[PDB]
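Asks: Protein sequences appear in the order of chains C, A and B. PDB author numbering applies: residue 1 is where the first sequence begins, and numbers increase by one. PDB author numbering applies: residue 1 is where the second sequence begins, and numbers increase by one. PDB author numbering applies: residue 1 is where the third sequence begins, and numbers increase by one. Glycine residues also receive a C-beta, built at the ideal position from the N, C-alpha and C atoms.
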Amino acid sequence: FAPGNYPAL
Amino acid sequence: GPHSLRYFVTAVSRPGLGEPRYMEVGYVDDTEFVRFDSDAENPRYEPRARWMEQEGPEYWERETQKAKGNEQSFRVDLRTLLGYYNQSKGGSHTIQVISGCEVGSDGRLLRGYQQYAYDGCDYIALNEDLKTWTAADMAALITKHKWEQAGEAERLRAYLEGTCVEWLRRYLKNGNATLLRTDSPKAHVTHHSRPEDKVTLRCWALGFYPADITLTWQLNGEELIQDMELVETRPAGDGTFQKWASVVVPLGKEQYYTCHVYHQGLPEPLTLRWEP
Amino acid sequence: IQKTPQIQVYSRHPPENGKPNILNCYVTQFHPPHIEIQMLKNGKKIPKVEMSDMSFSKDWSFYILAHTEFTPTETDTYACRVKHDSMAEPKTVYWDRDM
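1. According to DSSP, is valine 93 of chain B helix, strand or coil?
2. Could one say the Cβ of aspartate 85 of chain B lies closer than 7 Å to chain A's Cβ atoms, at least one of them?
3. For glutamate 63 of chain A, count the other beta carbons within 10 Å of its own beta carbon; 16 or more makes it buried, fewer makes it exposed. Which is it?
4. Would you say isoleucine 37 of chain B reaches chain A, if we count a Cβ-Cβ gap shorter than 7 Å as a contact?
5. What does the alpha-carbon distance come out to for the pair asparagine 24 of chain B and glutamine 242 of chain A?
6. Do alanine 205 of chain A and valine 247 of chain A count as a contact pair if the criterion is CB distance below 7 Å?
7. Please confirm whether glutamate 152 of chain A has its beta-carbon closer than 7 Å to some beta-carbon of chain C.
8. Within a Cβ cutoff of 6 Å, which residues of the same chain sit near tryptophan 51 of chain A, ignoring the five residues on either side of it in sequence?
9. Once DSSP output is grouped into helix, strand and coil, what is the label at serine 73 of chain A?
10. Alpha carbon to alpha carbon, how far is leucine 65 of chain B from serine 52 of chain B? Give it in angstroms, no decimals.
11. Here's the rule I'm using: 16 or more other beta-carbon atoms within 10 Å means buried, otherwise exposed. How should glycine 1 of chain A be labelled?
12. For a contact defined as C-beta to C-beta under 9 Å, what are the partners of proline 72 of chain B on chain A?
13. In the structure shown, what three-state DSSP assignment does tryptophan 167 of chain A receive?
14. If we define contact as Cβ-Cβ less than 7 Å, is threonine 178 of chain A a contact residue for chain B?
15. Does the distance from the CB of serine 86 of chain B to the CB of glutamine 6 of chain B come in under 7 Å?
16. Take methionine 54 of chain B as the anchor and find which of A/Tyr59, A/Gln65, A/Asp37, A/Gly69 has the nearest alpha-carbon.
17. Can you pull the chain B residues whose beta carbon is under 7 Å from the beta carbon of residue 285 of chain A, in chain order?
18. Would you please verify whether the beta carbon of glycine 120 of chain A is less than 7 Å from any beta carbon of chain B?
19. Kindly identify the DSSP beta-bridge partner or partners of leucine 270 of chain A.
20. Output yes if chain C places a C-beta closer than 7 Å to the C-beta of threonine 64 of chain A; else output no.
21. Spell out whether any CB of chain A is found under 7 Å from the CB atom of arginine 12 of chain B.
22. List, in chain order, every chain B residue whose beta-carbon is nearer than 9 Å to that of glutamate 41 of chain A.
23. If you run the structure through DSSP and keep just helix, strand and coil, what is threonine 68 of chain B?
24. Using the Cα positions of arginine 194 of chain A and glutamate 89 of chain B, report the straight-line distance between them to the nearest angstrom.
25. Sort B/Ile22, B/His13, B/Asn42 by Cα distance to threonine 75 of chain B and report the nearest one.
26. So with CB distances below 7 Å, who are the chain C contacts of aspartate 77 of chain A?
27. In angstroms with no decimal places, state the Cα-to-Cα distance between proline 20 of chain A and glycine 91 of chain A.
28. With DSSP run on the structure shown, which of helix, strand or coil describes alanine 236 of chain A?
29. Does any residue of chain B have a CB that is nearer than 7 Å to the CB of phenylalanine 33 of chain A?
30. Write down every uninterrupted run of the beta strand (DSSP E) in the stretch 137-201 of chain A whose length is 3 residues or greater and which is fully enclosed by it, in chain order.
31. Taking C-alpha atoms, which residue in A/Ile124, A/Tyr171, A/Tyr84, A/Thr214 lies nearest to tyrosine 113 of chain A?
32. Excluding five sequence neighbours on each side, which residues of the same chain lie with their C-beta closer than 7 Å to the C-beta of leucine 219 of chain A?
Structure follows, in structure tokens:
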């Protein structure tokens, strides 16, 4: 179950 | 033994040729089990291991939706970093992320992690405490301040300690037959001549799972890891791995060198010589 | 950062003529990620080659596997052709069944 959010750099 | 769930993410810009290529690849231990690729004709999250058929349609829909969402955030990241590093729009750049958790044989959390890289260099990483970030340069320091004022670490922590762990347990259960098997190495030794009365001996190990193994050459009971050439353990295309290790010896004195194979599927490690 | 790929070509089983097998081409330790990888039989592209096991190591360099089912014969030759920015020419690495 993958991460659903990678916040913006 | 211990187990891991990991997701490898890559975003690669290609100016003049349209949108960045975006890929996600997930592994349970050393087996690829899911993937997403933006260059597929119909980009979807897809199963890569037989046991993932046990998941229903909703699973794939949700993962696909996440991937498409993640895709867009990385397109923006690529633009952002051109600003941070004062780079032009005419060059190709790469963002890589590794995220994962690991559990003991009892299913309990051992460690979680997430690390980013830009153009093959460390950018930013979650510390081992899972509460703070560490930044490799001043571009990543900007990112660190953003993520702190947003409290991002806390959301990620909850994923690594909860969601990542529980779905890892589920995968190990559903894929038991594949993920908790042990295939024993089969070994042999090959012989190749050289210019000056010397010989290359190469010890092969084939058909084994999991990937962790150890090959060594010995002369008179001492390990020879000085003149030993080696390849990294490598996938063989069917769920199993292989490796080789070689040593250069004097001609006529081949029988005094032994190869030793250590694997969890070998109750007693193998010992091999070169056979005429 | 620029890193030349290592190109390894190997079969799943020791090769016996007439016996189904699997040929692998593992391209590793490269950067940037853009790359072209072709598996060839007698200088001709093998169709429907599978790409799998894409990952990266702790130094961030890329790893990826190309593989195909095949049945070797005495006369057939196989190779892996890779194009990458770190190289002036494409690099064709032949399968050595005696290695």
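Replies: Quick answer:
1. strand
2. no
3. buried
4. no
5. 11 Å
6. no
7. yes
8. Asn174, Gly175, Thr178
9. helix
10. 5 Å
11. exposed
12. Result: empty, since nearest Cβ-Cβ is about 14 Å, beyond 9 Å.
13. helix
14. no
15. no
16. A/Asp37
17. Given a span of 1 to 276 for chain A in the structure shown, any question on residue 285 of chain A remains unanswerable.
18. yes
19. A/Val261
20. no
21. yes
22. Within chain B, no residue comes near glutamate 41 of chain A; the closest Cβ sits about 15 Å away, beyond 9 Å.
23. strand
24. 29 Å
25. B/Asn42
26. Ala8, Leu9
27. 12 Å
28. coil
29. no
30. 186-193
31. A/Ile124
32. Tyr256, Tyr257
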